[PDB]
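Below, each value reflects all heavy atoms present in this structure, side chains not excepted, and no hydrogens, waters or symmetry copies. Chain naming here is simple, since letters A, B, ... match the order of the sequence lines and numbering starts at 1 in each.
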Amino acid sequence: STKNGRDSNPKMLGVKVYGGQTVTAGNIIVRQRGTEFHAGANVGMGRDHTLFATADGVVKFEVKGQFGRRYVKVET
Amino acid sequence: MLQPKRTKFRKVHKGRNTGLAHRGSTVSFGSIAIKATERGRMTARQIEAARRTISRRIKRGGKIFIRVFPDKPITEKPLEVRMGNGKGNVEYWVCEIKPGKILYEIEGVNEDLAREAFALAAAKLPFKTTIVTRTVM
Amino acid sequence: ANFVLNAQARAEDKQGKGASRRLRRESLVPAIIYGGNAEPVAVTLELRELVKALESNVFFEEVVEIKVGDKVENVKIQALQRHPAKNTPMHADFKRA
Amino acid sequence: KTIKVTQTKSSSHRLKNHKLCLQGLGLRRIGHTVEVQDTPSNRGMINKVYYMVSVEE
Amino acid sequence: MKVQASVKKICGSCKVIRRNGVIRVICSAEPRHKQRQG
Amino acid sequence: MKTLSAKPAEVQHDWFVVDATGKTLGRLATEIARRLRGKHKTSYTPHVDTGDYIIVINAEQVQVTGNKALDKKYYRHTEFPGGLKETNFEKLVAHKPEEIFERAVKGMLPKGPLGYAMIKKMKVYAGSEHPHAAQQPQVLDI
RNA sequence: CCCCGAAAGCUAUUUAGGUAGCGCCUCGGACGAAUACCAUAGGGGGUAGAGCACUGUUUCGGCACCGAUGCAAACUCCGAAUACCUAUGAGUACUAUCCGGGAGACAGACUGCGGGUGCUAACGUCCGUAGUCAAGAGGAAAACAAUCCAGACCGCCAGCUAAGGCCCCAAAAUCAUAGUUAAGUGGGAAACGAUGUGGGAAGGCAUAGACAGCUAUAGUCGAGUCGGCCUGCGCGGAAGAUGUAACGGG
Ligand SMILES: [Zn+2]
């Protein structure tokens, strides 16, 4: 009899809206366990590190700053 | 009987052996070497048998460099056991061999004696081999 | 001046993976020549001549002449690629000297 | 400005997108010949199914 | 006569010959070296 | 019904004589089978025998290539247990030369009543003489 | 008689050969380009490969460190092709979507590719992905659901082709031009063994005379000879039970 045989239910993480798409305020952009992406302009961060839009516009990804963090912002 | 002193995991996936040995195909330590020309597996017992044959032939007048290490565990079922009920138990260790991989090098003996020793060792191996010498590039 | 390799121009239609495999099936060897004050040039060598030259030990420390048409280049061998299992030379690098 | 494309092999067992390329070019059966505009959009469909069409250029 | 898959010269008085498509070894000095491939 | 079948009552069988000296067995047998079946006539019909009579003389002079004279085997089975009998071309051509031709041509003719009827038109003789002078066979060099 | 035409999946179940919601089929209504294929443009990745910068593991030196050298599903300094999302656009196509009436199905199979398990066993087992069968006839495979070619509305004693073939069974070349094989190899198999034969790139010795034989290095004679490397096609290795029986036959 094996001592293995367990696993957890899937969580369905990942990028939900890609660069160049238009969003409405409140749209979820990234589901992530940790801050793989950071919130830029017009983007808010939830209690579970979810990134969402706070304004209408076009999503844009970039690499910026002195640490080389990945940012996602919304351009109005 | 070479085998890792400790391992992070006990049992590993079967995998697939494909491609050529671009790394580890150049004579580095000695002057003459034996290398494989087809792919396969090399067990620890095979490695030990070939090393013993080479050392006995050359009478330990030089140095033998072994460049293969069996770090892959292989499992088998306990026999008369049905399919299922978990993976089998580790039985022996192998090294994956790709065409071009150098197995042994010899330093400090004549080419004739080295080639005789390599011909003696090649009969102990499950794949085809060839003899190479050091070159500038 | 002691070592002379007769070569042919290797054009864009003869560059690439499939073209290189066809060249090696023709028993030819691709090579590149680069070095100060000039753009790289791609050439095609003969496997026979390359093996003959590599058999000699002074070939690796002497200025050699690669001759294509009337153009002549004075170079030294910089790198070589061999087949992992067959030891056949497959590509050559030449630095202008 | 226009090219003629003829279907030379069956499409019954091909991939879904390959069948859709044939349909989007307008070919319907083996031996059928159509005349289409010579544009990159049409050339893409032709190139994707090169192996079962013949182009009179 | 030895019948083996591998037949080879033993000494300098052995000879490798072919008769009717069969490879054999015959020795002038030692009859025990006589071989036939099979 | 515009395509007509040959009528058996209107078929004409012609008599030919063939010398087997030095010929290759199979390459002679194919032509013999063709002419026995009537494939050479414009009135050829699959269900009608339209062929010709073939007389083979000097049967024991037929040749085979390579090493087949010693290696080619002829088998038969008496239906008793263990009753497999074997011979070869060298012995059979010396003993019963007509059986070699019979086997070679039977293997190339259709297997049925019409094939049995077709093969009855081949006469094989070891010597240089045949008893069919009354039918006035014509020399056929195939 | 005519038209369309599945599924053998997901989730739950004293449930597992039952059933229910969803996925897939059909019919009616509404609504038309909102849909798809392809091109161009924008976007995230951590797989194949590779690497040793972390985590482990490995060999040889020098003094845990330094220099060389390997490995990894649960390692990553790196990192594709494809696939996926969005916008614009030509051409082609009855596409997409919404609301209702009726279902069936929830035992799958083989093959190719990426894998787990198994012995890189099984016409084995479990997933992903595509094709076929299932529910599909015809032709080629000797016969042979799942392979190759190809999708049968009906009739014709008309023609052109696909896969595959053209000496006879049996339709079509005993066709043409160059080679190779002698094993019936073709028409079953390995490590390994051998002066079998064809081709190619080098090397050694030699008509101030080479190799073999032969007489006591010299000498008779009178030209090639020797030993390896790469490569095409062959040879041995090769023993079973009803009867040739491992080209379908000749
Ligand atoms: Zn002997």
Side-chain angles (χ1 to χ4, degrees), chain A residues 14-22 30 37 59-61 70, chain B residues 2 4-9 12-17 19 22-24 28-29 63 65-69 71-72 76-77 83-84 87-88 95-96 101 123 126 128, chain C residues 48 51-52 55, chain D residues 9-10 12-17 19-26 30-31 34 36-37 39-48, chain E residues 4-8 16-18 21-23 37-38, chain F residues 1-3 26-27 29-31 33-34 37 39 66-68 71-77 79 81-84 86 103-111 115:
Chain A
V15 166
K16 305 301 183 177
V17 182
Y18 292 88
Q21 300 186 228
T22 78
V30 184
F37 297 88
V59 170
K60 200 206 218 315
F61 289 79
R70 300 178 274 188
Chain B
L2 303 177
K5 303 222 243 283
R6 44 152 290 221
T7 37
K8 178 169 49 170
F9 295 101
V12 307
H13 284 166
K14 194 202 305 297
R16 306 277 190 279
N17 181 332
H22 298 275
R23 295 284 293 268
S28 318
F29 300 88
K63 194 147 131 212
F65 302 87
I66 303 170
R67 295 189 69 183
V68 288
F69 192 92
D71 67 342
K72 179 143 150 87
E76 325 197 287
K77 309 222 67 182
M83 297 287 103
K87 206 174 164 60
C95 183
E96 294 293 334
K101 172 80 164 169
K128 259 165 259 280
Chain C
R48 221 185 56 280
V51 174
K52 190 78 244 183
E55 290 181 341
Chain D
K9 286 175 202 223
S10 167
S12 71
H13 321 304
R14 309 306 170 167
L15 298 181
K16 183 214 226 293
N17 278 4
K19 300 156 133 302
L20 290 174
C21 286
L22 276 190
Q23 175 191 130
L25 285 164
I30 300 177
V34 296
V36 303
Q37 279 195 267
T39 70
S41 307
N42 282 348
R43 287 272 184 189
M45 296 189 272
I46 286 153
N47 292 326
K48 193 156 245 80
Chain E
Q4 318 174 282
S6 166
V7 297
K8 302 135 91 52
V16 174
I17 50 143
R18 312 177 20 110
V22 176
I23 290 151
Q37 196 173 49
Chain F
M1 203 276 168
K2 218 151 72 44
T3 298
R27 302 187 178 262
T30 58
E31 190 62 38
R34 171 176 179 264
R37 204 185 176 180
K39 273 289 202 60
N67 199 34
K68 285 183 273 204
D71 288 356
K72 185 174 172 74
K73 312 249 163 262
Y74 294 90
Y75 296 99
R76 56 185 207 282
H77 205 279
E79 271 149 308
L84 180 83
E86 175 206 311
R103 278 167 166 263
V105 174
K106 178 177 76 151
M108 297 182 208
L109 289 176
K111 326 292 190 275

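Side-chain atoms of E:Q37 come within 3.5 Å of backbone atoms of E:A5 as a donor-acceptor pair (strictly under, hydrogens ignored). No side-chain donor-acceptor contact under 3.5 Å links F:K106 to the backbone of F:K111.
Nucleotide G:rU180 carries a north-puckered sugar, as indicated by a positive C1'-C2'-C3'-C4' torsion. Sugar pucker of G:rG61: north, since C1'-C2'-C3'-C4' comes out positive. The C1'-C2'-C3'-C4' torsion of G:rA202 is positive, so its sugar falls on the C3'-endo, or north, side. Here G:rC119 has a south sugar; its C1'-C2'-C3'-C4' angle has a minus sign. For G:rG114, classification of the furanose by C1'-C2'-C3'-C4' yields a north pucker, on the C3'-endo side.
Contact annotation for B:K5: backbone-only contact, meaning every heavy-atom pair under 4.0 Å involves sugar-phosphate atoms and none involves a base. Base contact: B:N17 has a heavy atom under 4.0 Å from a base atom. Within the nucleic acid shown, D:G31 has no heavy atom closer than 4.0 Å to any nucleic acid atom. As judged by a 4.0 angstrom heavy-atom cut-off over every strand, E:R18 is placed among residues touching the sugar-phosphate backbone only. As judged by a 4.0 angstrom heavy-atom cut-off over every strand, B:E76 is placed among residues touching the sugar-phosphate backbone only. Among the protein residues, B:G24 comes within range of the sugar-phosphate backbone only, with heavy atoms under 4.0 Å from sugar or phosphate atoms but none that close to a base. No contact: F:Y74 has no heavy atom under 4.0 Å from any strand. Within 4.0 Å of B:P4, counting heavy atoms only, lie sugar-phosphate atoms of the nucleic acid but no base atom. Here B:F65 lies in heavy-atom contact (under 4.0 Å) with sugar-phosphate atoms only. Among the heavy atoms of the strands lying under 4.0 Å from C:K52 are primed sugar atoms or P, OP1, OP2 only; no base atom is included.
Separating the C1' atom of G:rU225 from that of G:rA212 is a span of 10 Å, rounded to the nearest Å. G:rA8 and G:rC106: their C1' atoms are spaced 7 Å apart (whole Å). Atom name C1', nucleotides G:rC27 and G:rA6: the rounded distance is 16 Å, in whole Å. For the P atom pair drawn from G:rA80 and G:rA64, the interatomic distance equals 38 Å after rounding to whole Å. Rounded to the nearest Å, the gap between the P atom of G:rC54 and that of G:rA68 is 15 Å. Comparing the P positions of G:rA182 and G:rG196 gives a spacing of 12 Å, expressed to the nearest Å. A gap of 35 Å separates the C1' atoms of G:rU86 and G:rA74, to the nearest Å. For the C1' atoms, the distance linking G:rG104 with G:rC37 amounts to 32 Å, nearest Å.
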Checklist outcome for this item: A correct 5'-to-3' footprint of nucleotides 131-152 of chain G, with B, S and - meaning base, sugar-phosphate only and no protein heavy atom under 4.0 Å, is SS-----------------BB-
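Nucleotide G:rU58 holds its P atom 18 Å from the CD atom of B:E96, rounded to whole Å. Rounded to whole angstrom, the span from the NZ atom of F:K73 across to the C1' atom of G:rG184 amounts to 13 Å. A:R70 places its CZ atom 15 Å from the P atom of G:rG43, with the value rounded to the nearest Å. In this structure, the CD atom of F:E86 is 9 Å from the P atom of G:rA245, given to the nearest Å. Protein atom CG of F:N67 is 19 Å distant from nucleotide atom P of G:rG234, rounded to whole Å. Here the P atom of nucleotide G:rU125 and the CE atom of B:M83 are 12 Å apart, to the nearest Å. Atom-to-atom, CZ of F:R76 to P of G:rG249 comes out at 21 Å; the value is rounded to the nearest Å.
In this structure, G:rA223 shows a glycosidic angle within 90 degrees of zero, which is the syn conformation.
Applying the 3.5 Å cutoff to both bonds, G:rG187 and G:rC10 do not register as a Watson-Crick or G-U wobble pair. In this structure, G:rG193 forms a base pair with G:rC235, meeting the Watson-Crick or G-U wobble definition at 3.5 Å. Nucleotide G:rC75 is annotated as paired to G:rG51 [Watson-Crick or G-U wobble, both distances under 3.5 Å]. Between G:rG232 and G:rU197 there is a base pair of the Watson-Crick or G-U wobble kind, both donor-acceptor distances falling below 3.5 Å. No Watson-Crick or G-U wobble pair links G:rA178 with G:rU215 with both defining distances under 3.5 Å. With the cut-off at 3.5 Å for both distances, G:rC78 forms a Watson-Crick or G-U wobble pair with G:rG49. Nucleotides G:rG209 and G:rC221 are not base-paired: the Watson-Crick or wobble atom pairs do not both lie closer than 3.5 Å. Nucleotide G:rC54 is annotated as unpaired relative to G:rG108 [Watson-Crick or G-U wobble, both distances under 3.5 Å]. Judged by the 3.5 Å cutoff on both pairing distances, G:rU59 and G:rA68 qualify as a Watson-Crick or G-U wobble pair. Base pair annotation for G:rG188 with G:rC148: unpaired, by the Watson-Crick or G-U wobble rule (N1-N3 plus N6-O4 or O6-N4, or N1-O2 plus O6-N3, under 3.5 Å).
For B:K14 and G:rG118, a side-chain-to-base donor-acceptor distance below 3.5 Å is present, hydrogens and geometry of angles not being considered. Between the side chain of F:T3 and the base of G:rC157, at least one donor-acceptor pair of N or O atoms lies under 3.5 Å. A donor N or O paired with an acceptor N or O is found under 3.5 Å between the base of G:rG193 and the side-chain atoms of E:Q37. Remark: the B:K101 side chain and the G:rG70 base include no donor-acceptor N/O pair separated by less than 3.5 Å.
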Check the interface with nucleotides 48-52 of chain G: list each N/O to N/O pair with the protein under 3.5 Å, or write none.
residue: G:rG51; atom: OP1; partner: B:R23; partner atom: NH1; Å: 3.1
residue: G:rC52; atom: OP2; partner: B:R23; partner atom: NH1; Å: 2.9
residue: G:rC52; atom: OP2; partner: B:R23; partner atom: NH2; Å: 3.0

Between the protein and nucleotides 84-91 of chain G, which nitrogen or oxygen pairs are less than 3.5 angstrom apart?
residue: G:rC85; atom: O2'; partner: A:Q21; partner atom: OE1; Å: 2.9
residue: G:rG89; atom: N2; partner: D:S41; partner atom: OG; Å: 3.1
residue: G:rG91; atom: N2; partner: D:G24; partner atom: O; Å: 3.2

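Defined by atom type and a distance below 3.5 Å, a donor-acceptor pair is present between the side-chain atoms of B:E96 and B:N17.
Look at B:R67 and you won't find any side-chain N or O under 4.0 angstrom from OP1 or OP2 of G:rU58. Phosphate proximity of G:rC75 to B:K8: present, with a side-chain N or O under 4.0 Å from OP1 or OP2. Using a 4.0 Å cut-off, some side-chain N or O of F:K39 falls inside it from OP1 or OP2 of G:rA171.
The aromatic ring of B:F29 does not sit over the base of G:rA68; the criterion of centres under 5.5 Å apart with planes under 30° is not met.
Mapping F:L109 and F:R27 onto RNA chain G by nearest heavy atom places F:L109 at the nucleotide closer to the 5' end. Take the nearest nucleotide of RNA chain G for E:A5 and for B:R6: the residue whose nucleotide is more 5' is B:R6.
You'll find the side chain of F:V105 stays beyond 4.5 Å of the side chain of F:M108, heavy atoms only. Under the 4.5 Å side-chain criterion, counting only non-hydrogen atoms from C-beta, B:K77 is in contact with B:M83. Looking at F:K72 and F:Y74, their side chains come closer than 4.5 Å, going by heavy atoms from C-beta outward.
Ring geometry for A:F37 against A:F61 counts as perpendicular: the plane angle is over 60°, on a 0 to 90° scale with 30° as the lower cut.
Relative to the side chain of F:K111, the nucleotides G:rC169, G:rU58, G:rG118 differ in distance, and G:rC169 lies closest.
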